[PDB]
$ cat model-v1.tsv   # TSV, C-alpha atoms
chain	number	residue	atom	x	y	z
A	4	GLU	CA	12.27	-33.65	6.93
A	5	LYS	CA	9.08	-31.88	8.50
A	6	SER	CA	9.00	-30.10	11.95
A	7	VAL	CA	6.75	-27.77	13.93
A	8	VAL	CA	8.45	-24.38	14.38
A	9	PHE	CA	5.66	-22.71	16.41
A	10	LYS	CA	2.81	-24.75	17.84
A	11	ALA	CA	-0.63	-23.06	18.07
A	12	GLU	CA	-1.74	-23.16	21.72
A	13	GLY	CA	1.61	-24.79	22.57
A	14	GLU	CA	4.13	-21.98	23.20
A	15	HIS	CA	4.77	-19.73	26.19
A	16	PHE	CA	6.80	-16.57	25.74
A	17	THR	CA	8.10	-14.01	28.25
A	18	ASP	CA	8.10	-10.22	28.04
A	19	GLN	CA	11.09	-7.88	28.40
A	20	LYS	CA	10.92	-8.09	32.26
A	21	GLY	CA	10.80	-11.87	32.05
A	22	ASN	CA	7.12	-12.16	33.01
A	23	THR	CA	5.09	-14.80	31.06
A	24	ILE	CA	2.80	-13.57	28.27
A	25	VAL	CA	-0.62	-15.08	29.06
A	26	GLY	CA	-2.33	-15.67	25.75
A	27	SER	CA	-5.74	-17.09	24.89
A	28	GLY	CA	-4.54	-20.49	23.88
A	29	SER	CA	-5.19	-23.42	26.21
A	30	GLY	CA	-3.09	-23.03	29.36
A	31	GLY	CA	-2.36	-19.36	28.64
A	32	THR	CA	-0.33	-20.20	25.53
A	33	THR	CA	-0.06	-18.04	22.44
A	34	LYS	CA	-3.27	-18.67	20.50
A	35	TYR	CA	-2.19	-18.50	16.85
A	36	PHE	CA	0.82	-17.87	14.62
A	37	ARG	CA	0.80	-16.21	11.20
A	38	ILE	CA	3.00	-14.71	8.50
A	39	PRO	CA	6.24	-16.71	8.56
A	40	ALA	CA	9.57	-15.33	7.30
A	41	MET	CA	12.76	-17.41	7.10
A	42	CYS	CA	16.44	-16.47	6.69
A	43	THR	CA	19.33	-19.05	6.65
A	44	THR	CA	22.89	-17.94	7.41
A	45	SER	CA	26.33	-18.90	6.08
A	46	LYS	CA	26.66	-21.12	9.18
A	47	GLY	CA	23.57	-23.10	8.13
A	48	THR	CA	21.50	-21.55	10.96
A	49	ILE	CA	17.80	-21.18	10.22
A	50	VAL	CA	15.87	-18.26	11.73
A	51	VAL	CA	12.10	-18.19	11.35
A	52	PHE	CA	10.07	-15.13	12.33
A	53	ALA	CA	6.29	-15.14	12.73
A	54	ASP	CA	3.52	-13.13	14.29
A	55	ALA	CA	2.80	-14.53	17.77
A	56	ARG	CA	-0.90	-13.57	17.78
A	57	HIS	CA	-1.33	-14.22	21.47
A	58	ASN	CA	-5.12	-13.88	21.68
A	59	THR	CA	-6.68	-14.52	18.23
A	60	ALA	CA	-5.86	-15.07	14.56
A	61	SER	CA	-7.17	-11.56	13.78
A	62	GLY	CA	-4.67	-9.02	12.47
A	63	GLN	CA	-6.26	-6.41	14.78
A	64	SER	CA	-5.06	-7.99	18.00
A	65	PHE	CA	-2.14	-8.18	20.46
A	66	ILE	CA	0.92	-9.44	18.56
A	67	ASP	CA	4.69	-9.78	19.09
A	68	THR	CA	7.28	-10.98	16.53
A	69	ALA	CA	8.55	-14.39	17.57
A	70	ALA	CA	11.84	-15.87	16.34
A	71	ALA	CA	12.76	-19.55	16.21
A	72	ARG	CA	16.39	-20.60	15.62
A	73	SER	CA	17.57	-24.03	14.49
A	74	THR	CA	21.22	-25.09	14.18
A	75	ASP	CA	20.39	-28.78	13.46
A	76	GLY	CA	18.82	-28.42	10.03
A	77	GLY	CA	15.30	-27.68	11.28
A	78	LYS	CA	14.86	-30.63	13.63
A	79	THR	CA	14.69	-28.53	16.83
A	80	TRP	CA	14.03	-24.88	17.56
A	81	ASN	CA	14.98	-22.39	20.27
A	82	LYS	CA	12.25	-19.75	20.53
A	83	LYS	CA	11.95	-16.24	21.85
A	84	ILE	CA	10.39	-12.87	21.07
A	85	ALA	CA	12.56	-10.83	18.70
A	86	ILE	CA	10.38	-7.68	18.62
A	87	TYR	CA	7.91	-6.63	21.31
A	88	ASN	CA	4.89	-4.46	20.62
A	89	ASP	CA	4.71	-1.18	22.52
A	90	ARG	CA	2.16	-2.42	25.11
A	91	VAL	CA	-0.08	0.63	24.80
A	92	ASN	CA	-3.33	-1.32	24.11
A	93	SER	CA	-3.62	-4.95	25.64
A	94	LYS	CA	-6.14	-5.69	22.79
A	95	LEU	CA	-4.53	-3.97	19.77
A	96	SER	CA	-0.83	-3.21	20.22
A	97	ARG	CA	1.04	-5.15	17.55
A	98	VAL	CA	4.19	-5.65	15.54
A	99	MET	CA	3.33	-7.67	12.46
A	100	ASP	CA	3.98	-9.05	9.01
A	101	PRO	CA	7.74	-9.79	8.97
A	102	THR	CA	10.08	-9.59	6.02
A	103	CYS	CA	13.71	-10.68	6.59
A	104	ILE	CA	17.02	-10.42	4.75
A	105	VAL	CA	20.26	-12.25	5.32
A	106	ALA	CA	23.14	-10.17	3.97
A	107	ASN	CA	26.83	-9.35	4.31
A	108	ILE	CA	26.58	-5.64	5.15
A	109	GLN	CA	30.06	-4.18	4.57
A	110	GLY	CA	31.42	-7.61	5.40
A	111	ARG	CA	29.26	-8.24	8.41
A	112	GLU	CA	26.79	-11.13	8.16
A	113	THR	CA	23.48	-9.71	9.39
A	114	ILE	CA	19.89	-10.88	9.63
A	115	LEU	CA	17.50	-7.94	9.18
A	116	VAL	CA	13.81	-8.21	10.05
A	117	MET	CA	11.27	-5.46	9.31
A	118	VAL	CA	7.72	-5.34	10.74
A	119	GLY	CA	4.85	-2.89	10.81
A	120	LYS	CA	3.75	-1.48	14.17
A	121	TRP	CA	0.34	-0.21	15.33
A	122	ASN	CA	-1.21	0.52	18.73
A	123	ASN	CA	-4.71	1.99	18.79
A	124	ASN	CA	-6.00	1.31	15.27
A	125	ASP	CA	-8.91	-1.13	15.51
A	126	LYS	CA	-9.11	-1.70	11.73
A	127	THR	CA	-6.88	-3.09	9.01
A	128	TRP	CA	-4.31	-0.69	7.63
A	129	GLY	CA	-6.21	0.03	4.42
A	130	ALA	CA	-8.86	1.92	6.50
A	131	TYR	CA	-6.47	4.79	7.40
A	132	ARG	CA	-5.84	7.04	4.39
A	133	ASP	CA	-6.35	10.55	5.81
A	134	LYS	CA	-2.75	11.23	6.92
A	135	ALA	CA	0.74	11.19	5.37
A	136	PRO	CA	1.57	8.97	7.20
A	137	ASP	CA	-0.89	7.58	9.73
A	138	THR	CA	0.11	8.67	13.26
A	139	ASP	CA	-0.59	5.15	14.63
A	140	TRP	CA	1.79	3.47	12.13
A	141	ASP	CA	5.48	2.80	12.08
A	142	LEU	CA	7.82	0.41	10.26
A	143	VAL	CA	10.64	-0.86	12.47
A	144	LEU	CA	13.85	-2.73	11.64
A	145	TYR	CA	15.85	-5.04	13.89
A	146	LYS	CA	19.18	-6.77	13.22
A	147	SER	CA	21.26	-9.67	14.46
A	148	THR	CA	25.02	-9.92	13.90
A	149	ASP	CA	25.49	-12.93	16.23
A	150	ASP	CA	23.91	-15.53	13.91
A	151	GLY	CA	20.35	-14.91	15.13
A	152	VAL	CA	20.96	-15.20	18.86
A	153	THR	CA	20.15	-11.54	19.68
A	154	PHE	CA	18.23	-8.86	17.82
A	155	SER	CA	18.56	-5.11	18.38
A	156	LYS	CA	16.64	-2.16	16.96
A	157	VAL	CA	18.23	-0.35	13.98
A	158	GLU	CA	17.72	3.41	13.89
A	159	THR	CA	16.73	4.23	10.32
A	160	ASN	CA	15.31	7.02	8.18
A	161	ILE	CA	12.40	4.80	6.94
A	162	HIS	CA	9.70	6.84	8.71
A	163	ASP	CA	11.30	10.06	7.35
A	164	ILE	CA	11.39	8.92	3.71
A	165	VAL	CA	7.72	7.95	3.93
A	166	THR	CA	6.82	11.37	5.42
A	167	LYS	CA	8.85	13.26	2.79
A	168	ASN	CA	7.12	11.30	0.01
A	169	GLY	CA	3.85	12.76	1.27
A	170	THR	CA	1.55	10.31	-0.58
A	171	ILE	CA	1.88	7.25	1.67
A	172	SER	CA	-0.37	6.56	4.64
A	173	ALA	CA	1.49	3.38	5.67
A	174	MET	CA	4.13	0.96	4.36
A	175	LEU	CA	5.03	-2.66	5.08
A	176	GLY	CA	7.57	-5.10	3.76
A	177	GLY	CA	6.33	-7.42	1.02
A	178	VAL	CA	6.24	-10.40	3.47
A	179	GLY	CA	8.68	-13.32	3.64
A	180	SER	CA	12.16	-12.39	2.44
A	181	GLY	CA	13.94	-9.50	0.78
A	182	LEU	CA	17.30	-9.77	-0.92
A	183	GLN	CA	20.88	-8.62	-1.15
A	184	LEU	CA	21.79	-7.84	-4.78
A	185	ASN	CA	24.97	-9.14	-6.45
A	186	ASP	CA	26.62	-5.64	-5.98
A	187	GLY	CA	25.71	-5.67	-2.23
A	188	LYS	CA	22.66	-3.41	-2.20
A	189	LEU	CA	19.95	-4.35	0.32
A	190	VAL	CA	16.42	-4.43	-1.08
A	191	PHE	CA	13.14	-4.93	0.77
A	192	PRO	CA	10.09	-5.36	-1.42
A	193	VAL	CA	7.37	-3.09	0.02
A	194	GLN	CA	3.62	-2.62	-0.06
A	195	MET	CA	2.03	0.77	0.58
A	196	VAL	CA	-1.37	2.25	1.35
A	197	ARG	CA	-1.57	5.58	-0.45
A	198	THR	CA	-3.21	8.71	0.94
A	199	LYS	CA	-6.91	9.15	0.14
A	200	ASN	CA	-6.37	11.61	-2.72
A	201	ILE	CA	-4.39	8.97	-4.69
A	202	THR	CA	-6.69	6.92	-6.96
A	203	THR	CA	-4.92	3.55	-6.33
A	204	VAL	CA	-5.28	2.44	-2.75
A	205	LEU	CA	-2.30	0.06	-2.90
A	206	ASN	CA	1.08	0.08	-4.63
A	207	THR	CA	4.19	-2.06	-4.65
A	208	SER	CA	7.76	-0.79	-4.69
A	209	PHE	CA	10.95	-1.43	-2.74
A	210	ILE	CA	13.32	0.35	-0.35
A	211	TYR	CA	17.07	0.04	-0.74
A	212	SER	CA	20.19	0.67	1.33
A	213	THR	CA	23.93	0.12	1.43
A	214	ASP	CA	24.46	0.09	5.24
A	215	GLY	CA	21.05	-1.00	6.54
A	216	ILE	CA	20.63	2.39	8.28
A	217	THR	CA	19.92	4.91	5.54
A	218	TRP	CA	17.22	3.76	3.12
A	219	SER	CA	15.74	5.19	-0.06
A	220	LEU	CA	12.50	4.90	-1.99
A	221	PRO	CA	12.58	4.97	-5.82
A	222	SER	CA	10.47	7.61	-7.61
A	223	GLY	CA	8.11	5.20	-9.30
A	224	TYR	CA	5.46	2.74	-8.22
A	225	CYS	CA	4.23	-0.62	-9.44
A	226	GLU	CA	0.51	-1.37	-9.49
A	227	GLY	CA	-0.55	-2.80	-6.14
A	228	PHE	CA	-2.96	-5.70	-6.79
A	229	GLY	CA	-2.97	-7.59	-3.46
A	230	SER	CA	0.35	-5.87	-2.65
A	231	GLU	CA	2.20	-8.62	-0.77
A	232	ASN	CA	5.19	-9.36	-3.03
A	233	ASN	CA	8.79	-10.48	-3.35
A	234	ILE	CA	11.59	-9.33	-5.66
A	235	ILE	CA	14.30	-11.30	-7.45
A	236	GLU	CA	17.37	-9.99	-9.29
A	237	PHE	CA	17.62	-11.13	-12.95
A	238	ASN	CA	20.34	-9.53	-15.16
A	239	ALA	CA	20.03	-5.74	-14.61
A	240	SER	CA	16.31	-6.04	-13.67
A	241	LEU	CA	14.49	-6.29	-10.39
A	242	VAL	CA	11.43	-8.50	-10.91
A	243	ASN	CA	8.48	-8.69	-8.50
A	244	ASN	CA	5.90	-11.43	-7.95
A	245	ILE	CA	2.72	-10.02	-6.45
A	246	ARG	CA	-0.38	-11.41	-4.76
A	247	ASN	CA	-3.55	-10.96	-6.79
A	248	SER	CA	-7.05	-12.43	-6.70
A	249	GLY	CA	-6.82	-15.09	-9.37
A	250	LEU	CA	-3.59	-15.01	-11.37
A	251	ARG	CA	-0.42	-13.73	-9.71
A	252	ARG	CA	1.25	-10.70	-11.32
A	253	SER	CA	4.92	-10.09	-12.12
A	254	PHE	CA	6.60	-6.90	-13.30
A	255	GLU	CA	10.20	-5.90	-14.03
A	256	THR	CA	12.07	-2.64	-13.58
A	257	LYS	CA	15.15	-1.94	-15.71
A	258	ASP	CA	15.65	1.58	-14.26
A	259	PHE	CA	15.80	0.71	-10.53
A	260	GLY	CA	12.19	1.46	-9.71
A	261	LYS	CA	11.39	4.37	-11.98
A	262	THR	CA	9.06	2.27	-14.24
A	263	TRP	CA	7.68	-1.26	-14.24
A	264	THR	CA	6.52	-3.48	-17.14
A	265	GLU	CA	5.04	-7.00	-17.21
A	266	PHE	CA	7.63	-9.80	-16.88
A	267	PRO	CA	6.32	-12.55	-19.18
A	268	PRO	CA	8.11	-15.56	-17.65
A	269	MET	CA	6.18	-15.14	-14.35
A	270	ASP	CA	3.20	-12.85	-15.11
A	271	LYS	CA	-0.15	-14.67	-14.69
A	272	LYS	CA	1.59	-18.09	-14.42
A	273	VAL	CA	0.21	-19.30	-11.04
A	274	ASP	CA	-3.46	-19.13	-10.05
A	275	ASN	CA	-4.28	-18.59	-6.35
A	276	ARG	CA	-8.02	-18.18	-7.04
A	277	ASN	CA	-10.34	-16.05	-4.95
A	278	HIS	CA	-8.79	-13.33	-2.76
A	279	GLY	CA	-5.23	-14.33	-3.61
A	280	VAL	CA	-2.57	-15.17	-1.06
A	281	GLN	CA	0.97	-14.13	-0.18
A	282	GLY	CA	3.64	-16.13	-1.97
A	283	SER	CA	7.41	-16.49	-1.70
A	284	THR	CA	9.62	-16.11	-4.80
A	285	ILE	CA	13.41	-16.64	-4.86
A	286	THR	CA	16.11	-17.56	-7.36
A	287	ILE	CA	18.25	-20.71	-7.44
A	288	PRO	CA	21.39	-20.91	-9.60
A	289	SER	CA	21.82	-23.64	-12.18
A	290	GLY	CA	25.32	-23.17	-13.67
A	291	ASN	CA	25.39	-19.54	-14.81
A	292	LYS	CA	21.64	-19.62	-15.30
A	293	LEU	CA	18.87	-18.90	-12.78
A	294	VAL	CA	15.56	-20.58	-11.97
A	295	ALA	CA	12.80	-19.04	-9.86
A	296	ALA	CA	11.31	-21.14	-7.08
A	297	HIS	CA	7.88	-20.00	-5.87
A	298	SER	CA	5.46	-21.07	-3.15
A	299	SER	CA	1.76	-20.18	-2.83
A	300	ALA	CA	-1.61	-21.91	-2.41
A	301	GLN	CA	-3.63	-23.72	-5.08
A	302	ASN	CA	-6.77	-22.79	-3.10
A	303	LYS	CA	-8.94	-25.71	-4.27
A	304	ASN	CA	-11.97	-24.43	-2.32
A	305	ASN	CA	-11.71	-20.99	-3.98
A	306	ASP	CA	-11.93	-19.17	-0.60
A	307	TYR	CA	-9.96	-18.14	2.48
A	308	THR	CA	-9.00	-21.75	3.29
A	309	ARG	CA	-6.10	-21.45	0.79
A	310	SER	CA	-5.56	-25.19	0.43
A	311	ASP	CA	-2.57	-26.96	-1.02
A	312	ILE	CA	0.45	-24.73	-0.39
A	313	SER	CA	2.72	-25.68	-3.29
A	314	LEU	CA	6.23	-25.21	-4.67
A	315	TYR	CA	6.55	-24.28	-8.35
A	316	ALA	CA	9.49	-23.71	-10.69
A	317	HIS	CA	9.45	-20.88	-13.20
A	318	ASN	CA	11.73	-21.15	-16.25
A	319	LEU	CA	12.94	-17.54	-16.54
A	320	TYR	CA	13.99	-18.04	-20.19
A	321	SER	CA	11.01	-19.91	-21.73
A	322	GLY	CA	8.26	-19.02	-19.30
A	323	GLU	CA	7.31	-22.63	-18.59
A	324	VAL	CA	5.90	-23.31	-15.10
A	325	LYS	CA	5.50	-26.60	-13.26
A	326	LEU	CA	4.41	-27.92	-9.87
A	327	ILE	CA	7.36	-29.35	-7.95
A	328	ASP	CA	5.74	-30.36	-4.60
A	329	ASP	CA	2.30	-29.71	-2.98
A	330	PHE	CA	4.09	-29.65	0.36
A	331	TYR	CA	1.01	-28.73	2.48
A	332	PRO	CA	-1.77	-30.60	0.62
A	333	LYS	CA	-4.40	-29.63	3.19
A	334	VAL	CA	-7.33	-27.22	3.54
A	335	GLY	CA	-6.19	-24.34	5.70
A	336	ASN	CA	-7.94	-22.60	8.61
A	337	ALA	CA	-9.89	-19.69	7.07
A	338	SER	CA	-9.17	-17.62	10.19
A	339	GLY	CA	-5.75	-17.15	8.54
A	340	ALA	CA	-4.00	-19.63	6.23
A	341	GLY	CA	-1.82	-20.16	3.20
A	342	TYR	CA	1.32	-18.04	3.73
A	343	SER	CA	4.85	-19.35	3.19
A	344	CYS	CA	8.52	-18.46	2.87
A	345	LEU	CA	11.33	-20.23	0.96
A	346	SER	CA	15.06	-20.09	1.73
A	347	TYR	CA	17.90	-21.32	-0.52
A	348	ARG	CA	21.61	-21.36	0.13
A	349	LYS	CA	24.74	-23.12	-1.05
A	350	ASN	CA	27.15	-23.22	1.89
A	351	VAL	CA	30.46	-24.79	0.85
A	352	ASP	CA	29.19	-27.51	-1.50
A	353	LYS	CA	25.88	-28.12	0.44
A	354	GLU	CA	22.74	-26.76	-1.23
A	355	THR	CA	19.63	-26.39	0.93
A	356	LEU	CA	16.08	-25.42	0.02
A	357	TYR	CA	13.78	-24.94	3.02
A	358	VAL	CA	10.17	-23.78	3.39
A	359	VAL	CA	8.04	-22.59	6.27
A	360	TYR	CA	4.27	-22.20	6.05
A	361	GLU	CA	1.00	-21.71	7.89
A	362	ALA	CA	-0.67	-24.91	9.14
A	363	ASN	CA	-3.88	-24.53	11.20
A	364	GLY	CA	-2.45	-21.72	13.33
A	365	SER	CA	0.99	-23.35	13.67
A	366	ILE	CA	4.12	-22.70	11.58
A	367	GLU	CA	5.69	-25.83	10.06
A	368	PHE	CA	9.07	-26.33	8.36
A	369	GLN	CA	10.10	-28.74	5.60
A	370	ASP	CA	13.49	-29.46	4.06
A	371	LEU	CA	12.71	-29.49	0.31
A	372	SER	CA	16.35	-29.96	-0.78
A	373	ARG	CA	15.47	-33.27	-2.59
A	374	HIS	CA	13.64	-31.20	-5.15
A	375	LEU	CA	16.71	-29.11	-6.14
A	376	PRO	CA	17.74	-31.28	-9.14
A	377	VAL	CA	14.24	-30.92	-10.61
A	378	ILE	CA	14.09	-27.15	-10.01
A	379	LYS	CA	17.66	-26.55	-11.29
A	380	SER	CA	17.03	-28.42	-14.48
A	381	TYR	CA	14.14	-26.03	-15.35
A	382	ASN	CA	16.05	-23.62	-17.60

$ encode --input "model-v1.tsv" --output "structure tokens"
Amino acid sequence: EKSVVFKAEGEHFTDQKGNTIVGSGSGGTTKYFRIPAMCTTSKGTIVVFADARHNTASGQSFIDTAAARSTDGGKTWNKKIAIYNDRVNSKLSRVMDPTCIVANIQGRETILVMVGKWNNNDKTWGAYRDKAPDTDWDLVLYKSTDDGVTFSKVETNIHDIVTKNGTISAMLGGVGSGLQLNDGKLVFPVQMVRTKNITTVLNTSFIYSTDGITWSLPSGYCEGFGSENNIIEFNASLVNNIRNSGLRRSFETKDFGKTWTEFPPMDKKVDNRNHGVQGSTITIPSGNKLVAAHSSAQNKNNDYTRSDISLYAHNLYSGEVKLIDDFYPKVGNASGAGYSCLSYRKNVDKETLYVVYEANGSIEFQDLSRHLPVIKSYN
């Protein structure tokens, strides 16, 4: 139905030594949660990641990556910290902004989660353009191969490929979920802050891998807009769906990230109004056709309150769009609101469509599976 994954001012976590993490919420709880990411496994297990912003909603604050696991269809949740910040700066050390993938990596069902990491930077990441890359930044990857019970660090070449590019100050996942392609390739949508000498502050792209260890960046870039984005696979194209102030943007690449062109079935189809917001975009099969399901905020107050977090269907053939469910029909908390993440699976003959989203500093979950006939018919 509807459940609270992470309760603002209602959770207590422990650190690596098992000592409680005293946050600024009432009773020493974690103050605020943001930026949910959800991955469902072949066992039906739901894992939801979010920033545990222990002291404040601000992105420049002390943050760990929490993980909530449900094996009862989202009724109840077991919670823990999946990724700890480095504990350099009790005010500013942070791991943030998760993107997850569920994939069979050479046969092995794995949940990957990728987060940015900072320590001493007191400003948002777009402020740091002088270095290639910023010395305070990193982008870390953790995995679980035990159905979300334990997460371990993956040693990658992600920092190295950013350094060898030479034009990137920092990189993050696109927020929410990445994908495993039909052929098996792993793809994280990414956002990047370019070095100062590059005219465009922000770009979108992706990183890809076969084994989850060695990653690659394509040679091209997509225009950044508000840079948070997701990718879907459609025929031999990768198609993104990007945050933008006003109308969301969508581009396709037919050359695996060398060049991008507008994708008419999704480009400019959903309006998030002033500032834009992150949104989640996934595909759902309907026979041998595909439909895109998308969540983002209607933003009725045209501001940072990002009201009315809604599920849409995009007809990938005709370009029609329709509202399926305004599942969080509420004005958000302008300290940080509006974000969401969808998850679809068909396990055996059971199709599930779940969402998680920001709700006044908490993360809530809804089972939206009743909407699948309506979405699937939209081709």

$ residues_near_point --input "model-v1.tsv" --point "(-9.8, 6.9, 4.0)" --cutoff "9 Å" --atoms "all atoms listed in the file" --output "mmCIF file with C-alpha atoms, in the coordinates of the input"
data_model
loop_
_atom_site.group_PDB
_atom_site.id
_atom_site.type_symbol
_atom_site.label_atom_id
_atom_site.label_comp_id
_atom_site.auth_asym_id
_atom_site.auth_seq_id
_atom_site.Cartn_x
_atom_site.Cartn_y
_atom_site.Cartn_z
ATOM 1 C CA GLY A 129 -6.210 0.030 4.420
ATOM 2 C CA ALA A 130 -8.860 1.920 6.500
ATOM 3 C CA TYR A 131 -6.470 4.790 7.400
ATOM 4 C CA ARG A 132 -5.840 7.040 4.390
ATOM 5 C CA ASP A 133 -6.350 10.550 5.810
ATOM 6 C CA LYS A 134 -2.750 11.230 6.920
ATOM 7 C CA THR A 198 -3.210 8.710 0.940
ATOM 8 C CA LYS A 199 -6.910 9.150 0.140
ATOM 9 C CA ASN A 200 -6.370 11.610 -2.720
#

$ atom_distance --input "model-v1.tsv" --atom1 "CA of residue 312 (chain A)" --atom2 "CA of residue 366 (chain A)"
12.7 Å

$ residues_around --input "model-v1.tsv" --residues "residue 188 (chain A)" --least-positions-apart "6" --cutoff "9 Å" --atoms "all atoms listed in the file" --output "list in words"
residues 108, 182, 211, 212, 213 and 214 of chain A

$ closest_residue --input "model-v1.tsv" --among "A:215, A:279, A:260, A:177" --to "residue 231 (chain A)" --atoms "all atoms listed in the file"
A:177

$ closest_residue --input "model-v1.tsv" --among "A:11, A:316, A:69, A:241" --to "residue 97 (chain A)" --atoms "only C-alpha atoms"
A:69

$ residues_around --input "model-v1.tsv" --residues "residue 331 (chain A)" --least-positions-apart "4" --cutoff "12 Å" --atoms "only C-alpha atoms" --output "ChimeraX atom specification"
/A:5,298-302,309-314,335,340-343,358-363,366-369,371

$ closest_residue --input "model-v1.tsv" --among "A:271, A:256, A:276, A:290" --to "residue 303 (chain A)" --atoms "only C-alpha atoms"
A:276

$ atom_distance --input "model-v1.tsv" --atom1 "CA of residue 37 (chain A)" --atom2 "CA of residue 315 (chain A)"
21.9 Å

$ closest_residue --input "model-v1.tsv" --among "A:274, A:4, A:258, A:328" --to "residue 76 (chain A)" --atoms "only C-alpha atoms"
A:4

$ closest_residue --input "model-v1.tsv" --among "A:99, A:152, A:175, A:201" --to "residue 74 (chain A)" --atoms "all atoms listed in the file"
A:152

$ residues_around --input "model-v1.tsv" --residues "region 351-357 of chain A" --least-positions-apart "5" --cutoff "9 Å" --atoms "only C-alpha atoms" --output "list in words"
residues 41, 43, 45, 47, 77, 344, 345, 346, 368, 369, 370, 371, 372, 373, 374 and 375 of chain A

$ residues_around --input "model-v1.tsv" --residues "residue 105 (chain A)" --least-positions-apart "3" --cutoff "9 Å" --atoms "all atoms listed in the file" --output "list in words"
residues 42, 43, 44, 112, 113, 114, 115, 116, 180, 181, 182 and 183 of chain A

$ closest_residue --input "model-v1.tsv" --among "A:259, A:194, A:364, A:228" --to "residue 55 (chain A)" --atoms "all atoms listed in the file"
A:364

$ residues_around --input "model-v1.tsv" --residues "region 292-295 of chain A" --least-positions-apart "2" --cutoff "6 Å" --atoms "only C-alpha atoms" --output "VMD selection string"
chain A and resid 285 to 290 316 to 318

$ atom_distance --input "model-v1.tsv" --atom1 "CA of residue 140 (chain A)" --atom2 "CA of residue 179 (chain A)"
20.0 Å

$ decode --input "model-v1.tsv" --residues "region 265-309 of chain A" --atoms "C-alpha atoms" --output "PDB file, in the first residue's frame"
ATOM      1  CA  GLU A 265      16.453  15.098 -29.100  1.00  0.00           C
ATOM      2  CA  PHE A 266      14.146  12.113 -28.474  1.00  0.00           C
ATOM      3  CA  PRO A 267      10.684  13.380 -29.481  1.00  0.00           C
ATOM      4  CA  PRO A 268       8.515  10.924 -27.511  1.00  0.00           C
ATOM      5  CA  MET A 269       9.835  12.299 -24.179  1.00  0.00           C
ATOM      6  CA  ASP A 270      11.492  15.672 -24.955  1.00  0.00           C
ATOM      7  CA  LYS A 271       9.650  18.592 -23.304  1.00  0.00           C
ATOM      8  CA  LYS A 272       6.668  16.358 -22.364  1.00  0.00           C
ATOM      9  CA  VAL A 273       6.534  16.943 -18.567  1.00  0.00           C
ATOM     10  CA  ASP A 274       6.715  20.369 -16.926  1.00  0.00           C
ATOM     11  CA  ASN A 275       8.384  20.607 -13.488  1.00  0.00           C
ATOM     12  CA  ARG A 276       8.228  24.435 -13.474  1.00  0.00           C
ATOM     13  CA  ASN A 277      10.735  26.647 -11.699  1.00  0.00           C
ATOM     14  CA  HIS A 278      14.134  25.160 -10.835  1.00  0.00           C
ATOM     15  CA  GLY A 279      13.210  21.692 -12.061  1.00  0.00           C
ATOM     16  CA  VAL A 280      13.494  18.535 -10.000  1.00  0.00           C
ATOM     17  CA  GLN A 281      15.052  15.091 -10.246  1.00  0.00           C
ATOM     18  CA  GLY A 282      12.803  12.502 -11.847  1.00  0.00           C
ATOM     19  CA  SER A 283      12.862   8.726 -12.284  1.00  0.00           C
ATOM     20  CA  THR A 284      12.375   7.167 -15.740  1.00  0.00           C
ATOM     21  CA  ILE A 285      12.177   3.409 -16.426  1.00  0.00           C
ATOM     22  CA  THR A 286      10.706   1.071 -19.034  1.00  0.00           C
ATOM     23  CA  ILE A 287       7.897  -1.455 -18.586  1.00  0.00           C
ATOM     24  CA  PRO A 288       7.252  -4.175 -21.184  1.00  0.00           C
ATOM     25  CA  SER A 289       3.871  -4.555 -22.835  1.00  0.00           C
ATOM     26  CA  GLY A 290       4.100  -7.638 -25.095  1.00  0.00           C
ATOM     27  CA  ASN A 291       7.147  -6.976 -27.286  1.00  0.00           C
ATOM     28  CA  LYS A 292       6.593  -3.245 -26.927  1.00  0.00           C
ATOM     29  CA  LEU A 293       7.876  -0.882 -24.225  1.00  0.00           C
ATOM     30  CA  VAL A 294       6.290   1.959 -22.264  1.00  0.00           C
ATOM     31  CA  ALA A 295       8.208   4.515 -20.202  1.00  0.00           C
ATOM     32  CA  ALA A 296       7.035   5.180 -16.659  1.00  0.00           C
ATOM     33  CA  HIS A 297       8.219   8.471 -15.171  1.00  0.00           C
ATOM     34  CA  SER A 298       7.923  10.208 -11.804  1.00  0.00           C
ATOM     35  CA  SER A 299       8.553  13.882 -11.001  1.00  0.00           C
ATOM     36  CA  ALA A 300       6.787  16.847  -9.370  1.00  0.00           C
ATOM     37  CA  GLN A 301       4.034  19.007 -10.866  1.00  0.00           C
ATOM     38  CA  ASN A 302       5.305  21.862  -8.661  1.00  0.00           C
ATOM     39  CA  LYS A 303       1.995  23.744  -8.387  1.00  0.00           C
ATOM     40  CA  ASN A 304       3.594  26.553  -6.333  1.00  0.00           C
ATOM     41  CA  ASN A 305       6.296  27.087  -8.986  1.00  0.00           C
ATOM     42  CA  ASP A 306       9.104  26.988  -6.371  1.00  0.00           C
ATOM     43  CA  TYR A 307      11.255  24.693  -4.246  1.00  0.00           C
ATOM     44  CA  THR A 308       8.213  23.087  -2.577  1.00  0.00           C
ATOM     45  CA  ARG A 309       7.911  20.738  -5.599  1.00  0.00           C
TER      46      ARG A 309
END
